[PDB]
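Next up, C-alpha cells for two forms of one chain, structure 1 and then structure 2.
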Structure 1
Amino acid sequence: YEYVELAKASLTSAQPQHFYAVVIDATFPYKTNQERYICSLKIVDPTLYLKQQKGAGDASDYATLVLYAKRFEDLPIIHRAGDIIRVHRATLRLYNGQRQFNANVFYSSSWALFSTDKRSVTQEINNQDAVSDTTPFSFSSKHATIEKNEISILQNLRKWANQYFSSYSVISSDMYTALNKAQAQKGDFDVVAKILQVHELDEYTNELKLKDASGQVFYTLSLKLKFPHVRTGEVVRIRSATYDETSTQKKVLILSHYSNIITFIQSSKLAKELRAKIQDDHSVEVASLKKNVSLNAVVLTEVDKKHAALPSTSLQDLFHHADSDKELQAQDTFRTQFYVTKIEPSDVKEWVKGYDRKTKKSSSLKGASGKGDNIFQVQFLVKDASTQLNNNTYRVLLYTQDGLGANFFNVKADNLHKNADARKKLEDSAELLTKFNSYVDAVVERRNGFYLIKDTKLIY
C-alpha cells in the first residue's frame, strides 16, 4: 500500500488511494435508509490544515471523508478530535471547492483508528493500556495490518498532531456558534463549550450543563451509551445542535441521531485555554431556589478536592450489591449522587443531640447540656436514578460524633433549642434538600452496614 498526502492526492485518477490523516471533526455513524449508514468527518495533515493565513483569520483548512456502509458497526465512532485514521482504497473528487474522499466500506474500502494520546478514549474510560503504539484501537473488517514502513508515518503524524493542536485552535471560530447567539440560527449549528455538570437524569440519559466562551449556559441531553466519555470540567465540541424554542424554563440544546460530542487530545490549545477561561456558573441554580418548582436540577453539595477523582457508585449497587460484588466489597469509601426524599428526625431541632462518648449514647438537648458533646445525628432517606422506579428509599447517615461530615451544613453542631441562628440555617437547608430537583453529591464511608457522609459540604 502506498500512502499519499491529502493535498497531493490525485483528483483525476479516480483510482483507489490510501492515506493517514488527523480527524478534527466527525458526525456519529447514522442510518439514512433501510440499508445504508453514513459517517462524515473532517480530516487534516501536514499538507492541508490551515487556509491561506493573511485574511483567512487563522481558519482551519481541511479535506472531508465520507464513509459508507451497510452496518452501523462498520463505521468509526469518533469520541475525540486529534486521533489518527488510516483509510484504504478511497476515491477523491472535488466537492463544492474542497477535496472530498469517499470510501464504500461495504465494498472494498477500509479504515483504521490510531490513538494520538497514550490511550484512546475507550481505554481511558476503562483504565486500560494500549497493546502498543502501533496497534489500532478500532478498525473495519475482521483484520488490520501495520507494515514496518508505516510506523514512521504514524509516529511522525502523531508528533505533528500535537504540534498542530498545541499551536493552533484546529476548531477555528468559523467552525461553531456562540451559545448566546444560538437563537439567531436558522437551523442546526456547532458548539464548543465546557462541561460544568453531568446530571444523571435517568437510567439511560445524561443532562449536560454547558457554558461556552460567551458566558451563556445551556443544557442538552446526552445518552450514556452514545457519549460515555462526557466529563465535568472538560471541553467538548458538539457537532450539530439546535436551539429549542419550546424550552421556556431553561436554555436547552437539541441533538440528533447524527449529532456528536467530541473531546480534545491532551495537547489541544483550545481545550486548555477554555478549561481555565470558562468558570463555573451558579446563576441558574441561585435563581431556581427562588421558585416553588424548578425544572433545573441543583447540586447542593460539593465533595472535598481529594475525592474529585473518585468514581461514583449508584444507590442500586450501594444497597443491593455492596455485599455480593467483589469490587464493591473491597471498598469502604464511595462517592455517589442522590436526592433527599425525607429527613429524620422530623423536628430540625432534634438534628443535634448530646453525645456521651463513654456510654456511646445520644440524647435530646431539650433538657440542655446535661447530655454531653453536641453532634449531628441526621438520617437521610434518599433515592436516585438507578432506584427511581423501585418502592424503596435508602438511609444515608450524617452522624458526626467521630468527625465525619461535621461541617456538612456549614453550621457547627449546637443546641438547636437555644441557638435560633443555627436552627434557622438548618431549617432552610431542610427545605432545599427535600425540594424537587435538588440533589446531593457526597462521599460516604461504610460502617457496620451503614453509609455515613464525610468530606461533603453544602455550597448553598
Structure 2
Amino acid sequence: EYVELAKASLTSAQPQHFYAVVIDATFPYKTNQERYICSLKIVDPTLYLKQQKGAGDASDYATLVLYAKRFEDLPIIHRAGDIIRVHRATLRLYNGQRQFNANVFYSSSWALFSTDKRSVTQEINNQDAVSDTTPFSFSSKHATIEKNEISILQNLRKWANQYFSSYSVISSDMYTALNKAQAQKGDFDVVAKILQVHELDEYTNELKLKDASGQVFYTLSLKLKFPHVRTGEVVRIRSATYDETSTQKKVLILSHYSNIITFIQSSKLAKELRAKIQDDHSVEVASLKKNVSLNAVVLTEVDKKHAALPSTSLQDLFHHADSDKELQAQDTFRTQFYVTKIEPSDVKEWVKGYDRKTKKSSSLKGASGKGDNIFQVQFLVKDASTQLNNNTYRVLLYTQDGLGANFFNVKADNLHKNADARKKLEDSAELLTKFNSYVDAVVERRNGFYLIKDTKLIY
C-alpha cells in the first residue's frame, strides 16, 4: 500500500510506505547518540516544484531522515535520480516541510533501485545487470517485491528520466557559486565539473573543480568513500567549507557527513554543465613560473585512442606484472608518475645515431655517429603507491621504432649542433624533474621494459 508524498496523511499515526526519487543526500554519519543518521531529499510526481509557478524552478521536496545503530544499515547515495523505497515511515511537519522519519532498527526498511541500466557500483566493477526489478542495495537481510510494485517502479523511472531531462533538479537556490565561497559564513553546496583527479597518496584523491562562476577550487576526496569520481563528470558537493588557511590553493574542506553526488544520464543540468565548462590550464601555467609549486601539473596528454583505457599503478606494473594473470595478458598500459632523474644527465646525449642493420646506437659528439637520429632517453620514475619504498622504476623513451617520437614536440636532431633543439629539451628537462610535475603516459611492454608511446608534452 504505497502512498504518494503530497497525498500522505499528516495526522494518521499509521506508518506509511512510498516510492521516491532521490535528488540529494548526506553520507551516513555518526552522532554521539550511537545512532547513524542519513538525510536525503526525496521527490515524486506529486511533489517536485515550488508549487508557486513554473518560474520557481526551485524544486520543492520532502525530507527523509533515516536512523540506525549501525553504519551498514543506511543507504550510500552516490547518484541523484535513483529510486528509494521506504517501508513503515512516520510523517511529521518540520519548519514548513514534510519530513518522513524512519528507524531502521525498529521496523523501518529501505531499498534502492537504479533508474539507469546500471547503478554506480555495478558500473565501476564493469558488471552487467539486466535485472530491472531487483534493488542494488537494501536495509535488511531480505527484500520482497510483488508484481504490483513493478508498474509503480517502471513508471517512476519514466517520470524521473523526464523530470531530470526537462528540469534542472538542483535549482539555483540549493548551491553556491565558487566565486562567492569566501563570503559564506559557513556550510555551502557546490555543483561543479571534475576537471582533474590527482592521486595524492594511497587513500586520498584531489579533485580540481570548476563551476559556471569560472572559479577553480581543489578538494581532498577519499578513495574508499568516493570511488565514483571521474574526470569530466559533473557532481554536487553536499556540504563544503571554504578553507581560510590556504594561501597557494583555493581549497574546499569536506566533513564526514559531506557527500559527492553524480547525476543520472538524463540530467539536463549535468548535460549542459559538461559542455559549457572546459579547462583553462591557467592555474598550471602560472604555477610553473614558481620555484615551489603546491599545485599538481600534468605535463603530458595521452592520445585520444587510449583516453578510455584505465590507469595501472607502477607497483602493479613492476611488482605484479609477472605474477598477475590479468597483467601478463596485456602489453599496453596507461600510468601516471613523476620523473625523479633523467638519463643521460647530459641533454645533448638524449639524441643518438642509430643503425637499423646493426641495432646499435652511437654518440653524435664528434658527429661521427652516422646513423638515423633517434631519442634514447631513460626516465627514473616514482609513483604514489611507490612513494614510500626505496625504489625507482625505469620507463624508456626509445624512438627507434617510432614509439614516442612526438613526445617533446621537437623532432630529433643533433643536439651538439642544433642550438634551438637543445634549449627546448633543456627547458623540458628541468620541467619534468621539478616537484609536483606529473606524467600521464601510455606504455608498451617489450622484453621486460616499458616504453612511452602515444604520449606527448603539452607545455
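Take the two forms, superpose them, and find the largest set of C-alpha atoms that agree within 1.5 Å; that set is the rigid core. Shifts are known only where both forms have a C-alpha. Along the sequence of structure 1, residues get numbers from 1 upward.
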query	finding
Moved residue between structures 1 and 2 - picked from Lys371, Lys251, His229, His88, where its Cα shifts 2 angstroms or more relative to the rigid core	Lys371
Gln52 C-alpha moves between structures 1 and 2 by 2 Å or more, core aligned	yes
Once the two forms are fitted on their core, CA shift of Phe19 between structures 1 and 2 in Å	0.4
Backbone CA shift between structures 1 and 2, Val131, after core fitting (angstrom)	5.4
Distance the CA of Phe106 travels between structures 1 and 2 [rigid core superposed, Å]	1.1
Segments of at least three residues whose Cα atoms shift by 2 Å or more between structures 1 and 2, after superposing on the rigid core	52-57, 369-371
